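Peer 1: Below you'll find the structure I mean.
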Amino acid sequence: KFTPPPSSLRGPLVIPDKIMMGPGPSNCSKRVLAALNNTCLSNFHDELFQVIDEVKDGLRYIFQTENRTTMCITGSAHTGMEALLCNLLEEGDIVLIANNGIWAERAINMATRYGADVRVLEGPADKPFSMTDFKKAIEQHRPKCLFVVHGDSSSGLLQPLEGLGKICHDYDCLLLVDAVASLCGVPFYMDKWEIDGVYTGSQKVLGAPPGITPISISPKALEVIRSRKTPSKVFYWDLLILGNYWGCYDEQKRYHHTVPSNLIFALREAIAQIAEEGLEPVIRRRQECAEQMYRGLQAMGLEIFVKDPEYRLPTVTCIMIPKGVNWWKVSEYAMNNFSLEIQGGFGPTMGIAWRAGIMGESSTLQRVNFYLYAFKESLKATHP
Amino acid sequence: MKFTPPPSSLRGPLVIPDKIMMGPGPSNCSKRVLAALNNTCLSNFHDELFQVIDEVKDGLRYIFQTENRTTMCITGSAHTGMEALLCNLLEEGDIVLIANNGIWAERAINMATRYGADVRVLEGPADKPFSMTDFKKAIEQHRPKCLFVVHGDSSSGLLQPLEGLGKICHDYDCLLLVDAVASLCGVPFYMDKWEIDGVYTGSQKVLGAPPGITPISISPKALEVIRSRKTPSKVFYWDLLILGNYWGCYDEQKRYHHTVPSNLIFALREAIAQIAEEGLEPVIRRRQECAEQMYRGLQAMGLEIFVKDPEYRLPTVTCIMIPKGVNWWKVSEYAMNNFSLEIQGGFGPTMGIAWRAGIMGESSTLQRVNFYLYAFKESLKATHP
Ligand SMILES: *Cc1c(COP(=O)(O)O)cnc(C)c1O
Ligand SMILES: *Cc1c(COP(=O)(O)O)cnc(C)c1O
């Protein structure tokens, strides 16, 4: 005797192809999606350990670090933010957060939740912080950790990082960076920029399925986690024990949790494509695409949230909605008529812009010209 | 740009062979379930994804057996189910009782300490379950906010009866929380009938779906406890009041929470559908029957089972006692190299003294059990004459 099954599961799974040029999930390649179609291996199968070691080598490549303490967390990229703050901060520890968009606000939320003394450097969403802004705020607050968003997908803002680590280190402070939307889209040098903790997202520039999160921490950062008098609040992403299974220490592997092998298979292959082509050509192609996007947008009389090109994040461009234009009518027509994802605004850009992403397989000149055409045609047909 | 160069290990191709997965480990997924992964990673606000989501919620209500509006998934492996229940329901200083006769309860003791709880333990041996008396005593003693039970223990091969337990817990104003990872769709389970306040399962165990997405459900009484909380829970990522918002469990406009793993949610949809098609009961009946055969064939090898009373065995995991002077690894190795069969070693209470045989996913067939039994046999003979 059971309550009978619902009728909503009687039909098939039907997902159409979409051209995914939000900042959202990106298009993954054929090679990457085929990698999902494999045995969900055991935690302790040799073939899985092999894939994990290759993935760690690949992450040290795309992060540009020698950090042994390089792994994935099982979850979305939020998970990276959670783990850096959860692990590195005890009750009362002072964290400084540079806030000019919604991802800082998330970080402010979590750090309060883990019981930290949160200090906030506030700024306008459309301009970056100067080294002078950071120095004063570190002097004032004398924080254990600084948290900074590198590429803000909610603004289209790229925060320059050259020298912030030296400054952080002069004041005995760890430097933590979100590189979810920035990595493989612009130059990034974890070690030379003296970053003590970074994470990215599988579904942004890498063009891999969501659900698995690259993370890396510095020897200094490992040392602070080892020093803690109190245990971190979450077993699931305690980096001393997750690190163990990921074979980051001089220890026998122990079962911690069941890793999403299929997702990890897809991530290996995604890194492989970037290694094959080379990190520098991949970044340049994304840079060239963004130039083309700016040229086309200029030709159409449309503006960009971040006015100063120097400080624009190439992978996410926030296109301003002109007076008299309904944004959702454009987005809805594009999807319905071209299968194009033209995503609305978010955080500081809510209500005032669309977000145009150049990530994964949509990082080509041909995809950029189809975006502006479809966008243009979607305006005209919804506003005459 | 002068980047450190890429590693040569990425130069070659990915090669993941087919394996028969009859550990408790991950299971074999059907063709249909794996194919589902191969689809567009959708936006969090695409109608199509919202549709699949509603179908996952309907199908979860089915296999959990509940009308709970607060049914959803956590993005993560099943440990996330244990995290989120303890995390959401326990404030600094609240009192939690944890029935402990296995490694999954040790994990729950580890998590609950970290979250700042007053942890009480009811200890007991791994190879027999708790009486309703045993619970009732423990519940009087400690008068706790929540009790936490493992329904199906993949470390032992033990199944814990639950009929009655709900009404006892509620009498003392205590919530009942259950781990149904290794038991859901393997044995009967009635979330509402049995007055359960919190359950989760795993995608990779009985359902035969890929790991990474974790179904969870909480009662209207549990929801009210969380809303009553005097402090905010410690983890935004699995705060059910806001995760629950995106999954459309509440009378609020949907807000973005996190990027859900659309591909794993699609595979989960299909896995639930496979079970809906044949029907819950036939599916459970087939797995019971498979276990029966497994016991009869183990009996005919003169091998023993950690959990001695059949009335207390979990059919989905059977721990097979290593005979004295038998090298377990030499068996398991030969099983893998000659048959591509996973014969998993022991873990927790059963480490050093068992293999663990699983009847899960697409290996839940007579034909596959009969294959395990044959391959085990040949493996022993060839490595221990
Ligand atoms: C998308 C994004 C996140 C959140 O990651 P999810 O996988 O969506 O949970 C965090 N930080 C930045 C910069 C992002 O672009
Ligand atoms: C395997 C298992 C877990 C752990 O789940 P993961 O998906 O590996 O994180 C928890 N509980 C039970 C009963 C299990 O069998």
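The way this entry was determined, per its header, is X-ray crystallography, 2.5 Å.
The backbone N, Cα and C atoms fix where each Cβ goes, and this holds for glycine too.
Annotations for this protein, taken from Swiss-Prot, read as follows:
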{"type": "BINDING", "residues": "B:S77, B:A78, B:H79, B:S154, B:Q204, B:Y256, B:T259", "note": "pyridoxal 5'-phosphate binding site"}
{"type": "BINDING", "residues": "B:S154, B:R356", "note": "substrate binding site"}
{"type": "MOD_RES", "residues": "B:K205", "note": "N6-(pyridoxal phosphate)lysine"}
Peer 1: With every protein chain in view, how many other Cβ atoms are within 10 Å of the Cβ of B:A78 (pyridoxal 5'-phosphate binding site)?
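Peer 2: If we count other Cβ atoms within 10 Å of B:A78 (pyridoxal 5'-phosphate binding site), we arrive at 27.
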Peer 1: For the binding-site residues B:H79, B:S154, B:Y256, which sit with their CB under 6 angstroms from an atom of ligand 2?
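Peer 2: Going through B:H79, B:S154, B:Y256 in sequence order, those close to ligand 2 turn out to be B:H79, B:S154.
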Peer 1: Do any of B:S77, B:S154, B:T259 (binding-site residues) have a CA within 10 A of B:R356 (substrate binding site), and if so which?
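Peer 2: Correct set: B:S154.
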Peer 1: DSSP secondary structure for B:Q204 (pyridoxal 5'-phosphate binding site), reduced to helix/strand/coil, please.
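Peer 2: For B:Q204 (pyridoxal 5'-phosphate binding site) - judged by DSSP and reduced to three states - the answer is coil.
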Peer 1: Per DSSP, B:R356 (substrate binding site) is which: helix, strand or coil?
Peer 2: strand
Peer 1: What Cα-Cα separation, expressed in whole Å, is found between B:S77 (pyridoxal 5'-phosphate binding site) and B:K205 (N6-(pyridoxal phosphate)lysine)?
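Peer 2: Here the two Cα atoms are 11 Å apart.
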Peer 1: Would you count the other C-beta atoms found within 10 angstroms of the C-beta of B:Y256 (pyridoxal 5'-phosphate binding site) for me?
Peer 2: 13
Peer 1: Which is it, of B:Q204, B:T259: the one of these binding-site residues whose Cβ has the most other Cβ atoms within 10 Å?
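Peer 2: Per the Cβ count within 10 Å, the most buried is B:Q204.
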Peer 1: Please list the binding-site residues from B:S77, B:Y256, B:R356 whose Cβ falls under 6 Å of any atom in ligand 1.
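Peer 2: Those binding-site residues that pass the cut-off are none, since no Cβ is under 6 Å from ligand 1.
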Peer 1: Excluding near sequence neighbours, so keeping only residues 6 or more apart in the same chain, what lies with its CB under 8 A of B:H79 (pyridoxal 5'-phosphate binding site)?
Peer 2: B:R107
Peer 1: Between B:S154 (pyridoxal 5'-phosphate binding site) and B:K205 (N6-(pyridoxal phosphate)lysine), how many Å separate their Cα atoms?
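Peer 2: With the alpha carbons as reference points, the distance is 10 Å.
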Peer 1: Using Cβ atoms and a cut-off of under 8 Å, determine which of the recorded positions B:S154, B:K205, B:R356 neighbour chain A, and list them by sequence position, or give 'none'.
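Peer 2: Going by the Cβ criterion (under 8 Å to chain A), the recorded positions yield none at all.
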Peer 1: Go through B:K205, B:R356, the listed recorded positions, and name the one with the sparsest Cβ surroundings, counting other Cβ atoms within 10 Å.
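Peer 2: Among the recorded positions B:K205, B:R356, the lowest count of other Cβ atoms within 10 Å belongs to B:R356.
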Peer 1: Between the Cα atoms of the residue listed as 'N6-(pyridoxal phosphate)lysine' and B:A78 (pyridoxal 5'-phosphate binding site), find the distance and write it as a whole number of Å.
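Peer 2: The residue listed as 'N6-(pyridoxal phosphate)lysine' to B:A78 (pyridoxal 5'-phosphate binding site), Cα-Cα distance: 10 Å.
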Peer 1: Starting from the Cβ of B:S154 (pyridoxal 5'-phosphate binding site), draw a 10 Å sphere and report how many other Cβ atoms land inside it.
Peer 2: 30
Peer 1: How many other Cβ atoms sit within 10 Å of the Cβ of B:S77 (pyridoxal 5'-phosphate binding site)?
Peer 2: 23
Peer 1: Determine the C-alpha span of the pyridoxal 5'-phosphate site listed in the record, that is the greatest distance between any two of B:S77, B:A78, B:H79, B:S154, B:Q204, B:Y256, B:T259, in Å to the nearest whole number.
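Peer 2: Across B:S77, B:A78, B:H79, B:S154, B:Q204, B:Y256, B:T259, the widest Cα separation comes out at 35 Å.
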